[PDB]
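Colleague: pasting the sequence and an experimental structure:
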Amino acid sequence: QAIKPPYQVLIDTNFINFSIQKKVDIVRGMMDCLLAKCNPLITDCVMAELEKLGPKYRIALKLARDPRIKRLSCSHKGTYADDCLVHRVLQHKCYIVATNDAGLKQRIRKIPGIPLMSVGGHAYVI
Amino acid sequence: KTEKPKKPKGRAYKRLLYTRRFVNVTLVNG
Amino acid sequence: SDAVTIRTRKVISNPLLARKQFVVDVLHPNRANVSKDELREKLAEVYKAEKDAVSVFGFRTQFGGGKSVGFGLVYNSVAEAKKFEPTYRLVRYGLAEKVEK
Amino acid sequence: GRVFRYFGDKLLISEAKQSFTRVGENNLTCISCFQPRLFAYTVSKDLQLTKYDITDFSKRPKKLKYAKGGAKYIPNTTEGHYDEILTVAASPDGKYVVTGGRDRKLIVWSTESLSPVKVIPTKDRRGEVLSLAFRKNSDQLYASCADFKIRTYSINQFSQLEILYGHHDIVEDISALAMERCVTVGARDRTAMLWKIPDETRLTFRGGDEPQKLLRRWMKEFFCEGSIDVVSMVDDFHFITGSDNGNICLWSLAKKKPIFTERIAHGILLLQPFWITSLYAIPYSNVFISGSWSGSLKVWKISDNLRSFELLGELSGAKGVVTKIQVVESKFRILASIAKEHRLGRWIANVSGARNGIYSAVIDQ
Amino acid sequence: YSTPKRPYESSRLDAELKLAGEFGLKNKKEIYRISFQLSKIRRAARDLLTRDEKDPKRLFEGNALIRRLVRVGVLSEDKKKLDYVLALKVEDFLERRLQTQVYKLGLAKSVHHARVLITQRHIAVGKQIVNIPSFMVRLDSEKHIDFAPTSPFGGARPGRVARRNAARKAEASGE
Amino acid sequence: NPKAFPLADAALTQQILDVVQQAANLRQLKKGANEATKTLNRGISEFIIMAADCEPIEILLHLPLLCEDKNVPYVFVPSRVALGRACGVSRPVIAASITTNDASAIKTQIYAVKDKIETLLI
């Protein structure tokens, strides 16, 4: 399998709205069930989606723009949080997917060797 | 009761399985 | 018969019991669990009294083999062995009759 | 016992009697001299032991008896050496003297008729003998072995006592006194260890001071410790070591760090420092003698507070690789075994005055 | 010990045998118990990453825990910054087993041949004969690992099957 | 002009001598620029050690060209005497080769030495 700490993980849209509405932190929760130092990531597809939930979710945006979380870029105008990640999980075999969306989750159990997550930082192996 | 299994016990069964696994692995990745 | 080399330490003069107490060390490479009889023979030739002026007991050996440590005794005379020793050790050494009851 | 003989000032060094003997052997590895009339014993890489009488201080060592083995004794229970003999040691009763080397055996010899009275197999293919050292006024043999062992024997009964383990490279040097303890080095592990035989414990002192920090010293005002070549025991409470870079380290039993280290002693000649190829102290004294192939035995005086030492001087009468130093007294007679190469079969470079033999130096008072 | 959370799960199940293939074990019990000790350290390892810098708890219970990992022979001394302790993994305790260190040091030509050589009163490390494959060498005992004085491959007896082979020659060919 | 680059400092030199000592303990060592060149042909060579006090030095200049063809690290050491000594060997060895084995007991030391050498080559 050959995956080593420090792990790298992809935070999509469904994750943050299950973190705040259950009051479990992003980074410090990831250090719990992965038991090492974690390197969180957010893409351009995911963050610009949360501008569309803007006037009801300033809370989620003002947490995501913290320097604990890193910047990651893709170059497509029109892609989603949903579909752009699946291309990222495809061409490399060393990411960890964090989500709760079952519609994305069935696209993760098919490619072997891909770690998943749960309700906000309570991990599960492949 | 059947006299069917002859297959080894303990450690020797794990060695053979590992060798077979490696052989299977060489094909599909190569 | 592999150069037994019985080593003695902790020698204290004890004249009020007329004796000298000391810890017997038995190195035994290529030799296992020698005796109680040969030990009394081979430490009485550095004190030069007699075999029955020598008492010895103890001897839980080293784990694996090659070393044995017990507890040894030497007296000044034969009659002192009949007075100062325990009654069963003299039967063990052969110096007495065990009156069974 | 502690250091009490204070006679470093009494040594008349500048007019010490210097003499040299040429002998019929190539590459003498060691020399061991008995004091109860005084004897001497030499082994070479030409498979030979030679016995000298040195009771007459004004004379060069004259020949008494000599014994040389051969290729007859190829097996290992043969009563003769069939390879290079690396060390030799005489028993304190003057009755026996034992040799051993690359033939991985131990042959005890009689001093009287020069006969093989005992041969002992080390029973290891890596059990090569490197240094034999007797406890003072005892017969308990301490055997440094190339399989990282220390093997303890008895002489009068010819038995085996016990073995010490622990080192990480080949134990070259071991020194002892009248108590039951010894100092060992492992000669590439860059440490030395003190060995208490009945306690069955060791106290591990650590060298390997980096010259980089010394470059810090070079900003305040060298060469690498790589191989602690020799160890010698001055008293039961301190000792010394000799290195591969001219540093000679004084050590205390209460100090984990070096209580002293002397910087470059036999000197250099990028540049190459000389190796501290010999180191022998006069027992319970403040005087010790260090030797190189540089050509002059450098002798040093320990201070009274056991904190530093100071130069007694240099004796230039011995050109060539000094392998082993013996000192006897009554006056003082210094003997040194000069071979053409190093003890270990090592390579030597461009030595002026390639010669083989024994250095003698008498110092009065 | 402790059982893992899921008993049958594909990427972990095949990851068992590639550990059993290299090291040559017999039970995942001898895999899980190793992770169990690595579990208890690692919880403690995260405890001293929360507290204050130069806490004497982070000093006394930290550095001795760090030095014990150097003492067992796992943490290399270059990674001695208490941040590689999270980056430990399973095989490093497996690597310090007495079975695998025999094969690394020549002498075994297999990991399964060395397993048989443990349980047949052969190779000792100190003067104590070791016949448990999990003896966990402490990195100060590597170059003392060697064939025994007895038990041939070490000499001085050829052994009950070599002596029996000698016995056959004397009785039919000789007398 | 220099002809002796890169030349190692002190603690790296003794570090290398210790690694060569355990390598000679584990028969994973080649002795001689003849043998070292052959190992560079077979691609089994991890890295190459060359001496600086060899007279002449120009017999040893083929190894940087062949290594730079094969992308193999190399660092000069000052003594051929100590470089011989670390072979468990009592006469000098001018150049030594480290062979490839992933089953090696001393592999982490080899990777740390290659870390120092490949740090110095840049």
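Modeller: Sure thing, it's come through. Numbers count the residues shown, from 1 in each chain, chains lettered A, B, ... in the order given.
Colleague: right, is stretch E:95-112 up against chain B?
Modeller: Yes: against chain B, stretch E:95-112 shows contacts by Cβ under 8 Å from any Cβ of the partner chain at residue E:112. Every residue, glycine included, has its C-beta placed from N, CA and C.
Colleague: now chain B against chain D: closest residue?
Modeller: Taking Cβ to the nearest Cβ, chain D has its nearest neighbour within chain B at residue B:11, 31.5 Å off.
Colleague: how many neighbouring residues does that residue have?
Modeller: Neighbourhood size, residue B:11 [other Cβ atoms under 10 Å in any protein chain shown]: 15.
Colleague: excluding covalently adjacent residues, which one is nearest to it?
Modeller: Spatial nearest neighbour of residue B:11, excluding adjacent residues (Cβ to Cβ, 6 or more residues apart in numbering or on different chains): residue E:26 at 4.7 Å.
Colleague: which residue ranges form the helices in the chain?
Modeller: This is for chain A. For chain A, the helices defined by DSSP state H cover A:13-19, A:27-34, A:44-49, A:58-64, A:81-90, A:102-105.
Colleague: ah, no, chain F please
Modeller: For chain F, applying DSSP H gives helices covering F:10-25, F:33-42, F:62-70, F:80-85, F:107-121.
Colleague: got the buried residues for stretch E:8-28?
Modeller: E:15, E:17, E:19, E:20, E:21, E:23, E:24, E:25, E:26, E:28 (16 or more other Cβ atoms under 10 Å in any protein chain shown).
Colleague: touching it from outside, list them.
Modeller: The contact list for stretch E:8-28 (Cβ atoms under 8 Å, 6 or more residues apart in numbering or on different chains) reads A:1, A:112-113, A:125-126, B:10-11, B:14-15, B:17-18, B:21-22, E:4, E:6, E:31, E:90-91, E:94, E:97, E:99-100, E:110-112, E:115.
Colleague: may I have it as PDB, with CA atoms only?
Modeller: What follows is stretch E:8-28, C-alpha atoms only, in PDB (Å, rounded to 0.1, in the frame of the first residue of the first chain):
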ATOM      1  CA  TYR E   8     -12.400  -8.800   7.400                       C
ATOM      2  CA  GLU E   9     -11.500  -5.800   5.200                       C
ATOM      3  CA  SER E  10      -9.800  -6.200   1.900                       C
ATOM      4  CA  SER E  11      -6.800  -3.700   1.800                       C
ATOM      5  CA  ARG E  12      -5.900  -4.700   5.400                       C
ATOM      6  CA  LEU E  13      -6.400  -8.500   4.900                       C
ATOM      7  CA  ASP E  14      -3.800  -8.700   2.100                       C
ATOM      8  CA  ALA E  15      -1.600  -6.300   4.100                       C
ATOM      9  CA  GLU E  16      -1.500  -9.000   6.700                       C
ATOM     10  CA  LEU E  17       0.200 -11.600   4.500                       C
ATOM     11  CA  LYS E  18       2.800  -9.200   3.000                       C
ATOM     12  CA  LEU E  19       3.900  -8.900   6.600                       C
ATOM     13  CA  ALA E  20       3.600 -12.600   7.000                       C
ATOM     14  CA  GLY E  21       5.400 -13.100   3.700                       C
ATOM     15  CA  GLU E  22       8.500 -11.100   4.500                       C
ATOM     16  CA  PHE E  23       8.900 -11.800   8.200                       C
ATOM     17  CA  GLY E  24       7.500 -15.300   8.300                       C
ATOM     18  CA  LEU E  25       5.100 -15.400  11.200                       C
ATOM     19  CA  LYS E  26       2.400 -17.900  12.100                       C
ATOM     20  CA  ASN E  27      -0.500 -15.900  13.700                       C
ATOM     21  CA  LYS E  28      -2.000 -12.500  13.300                       C
END
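Colleague: next one: phi and psi at the residue nearest to residue B:11?
Modeller: Main-chain torsions, residue E:26, degrees, to the nearest 10: phi -130, psi -20.
Colleague: tell me the spacing between it and chain C.
Modeller: Per Cβ to the nearest Cβ, to the nearest Å, residue E:26 is found 28 Å from chain C.
Colleague: now swap in residue F:78 and tell me
Modeller: 48 Å.
Colleague: what residues does that residue make contact with?
Modeller: So residue F:78 contacts D:270, F:7, F:8, F:13, F:51, F:52, F:53 (Cβ under 8 Å, 6+ apart).
Colleague: which one of those residues has the most neighbours?
Modeller: Neighbour-wise, the contacts of residue F:78 (other Cβ under 10 Å) top out at residue F:51, 22 neighbours.
Colleague: tell me which element the closest residue to chain A within chain B falls in.
Modeller: Closest contact between chain B and chain A, by Cβ to the nearest Cβ, is at residue B:28 (11.9 Å). Using DSSP states H and E, residue B:28 maps to helix B:11-29.
Colleague: so how far is that helix from its chain's centroid?
Modeller: Helix B:11-29 has its C-alpha centroid displaced from the chain centroid by 6 Å (Cα atoms, centre = their mean, to the nearest Å).
Colleague: can stretch E:89-99 be found next to chain F?
Modeller: No: counting by Cβ under 8 Å from any Cβ, chain F is not contacted by stretch E:89-99; separation bottoms out at 9.8 Å.
Colleague: ok, the residue nearest to residue B:11 to residue E:117 distance?
Modeller: Distance, residue E:26 to residue E:117, using Cβ to Cβ, to the nearest Å: 16 Å.
Colleague: how about the contacts made by residue 30?
Modeller: Because you didn't say which chain, this covers chain A. With Cβ under 8 Å, 6+ apart, residue A:30 has these contacts: A:9, A:38, A:40, A:98, A:121.
Colleague: switch to chain C, please.
Modeller: With Cβ under 8 Å, 6+ apart, residue C:30 has these contacts: residue C:2.
Colleague: quick one: stretch D:329-347 to chain centroid distance?
Modeller: Worked out by Cα atoms, centre = their mean, stretch D:329-347 lies 9 Å from the chain centre.
Colleague: please enumerate the helices of chain D.
Modeller: Under DSSP H, chain D gives helices at D:211-220.
Colleague: report the central residue of it.
Modeller: residue D:324 (5.1 Å; Cα atoms, centre = their mean).
Colleague: over to chain B?
Modeller: Taking Cα atoms, centre = their mean, the centroid of chain B lies closest to residue B:17, which sits 2.6 Å from it.
Colleague: repeat for chain C
Modeller: residue C:56 (2.6 Å).
Colleague: now chain F
Modeller: residue F:49 (1.9 Å).
Colleague: that one contacts residue F:15, doesn't it?
Modeller: No: if you go by Cβ atoms under 8 Å, residue F:49 and residue F:15 don't touch, sitting 12.0 Å apart.
Colleague: ok, residue D:261 touching residue D:247?
Modeller: Yes: counting by Cβ under 8 Å, residue D:247 is a contact partner of residue D:261 at 5.1 Å.
Colleague: show me which of those two is the more surrounded one.
Modeller: residue D:247 (24 against 16).
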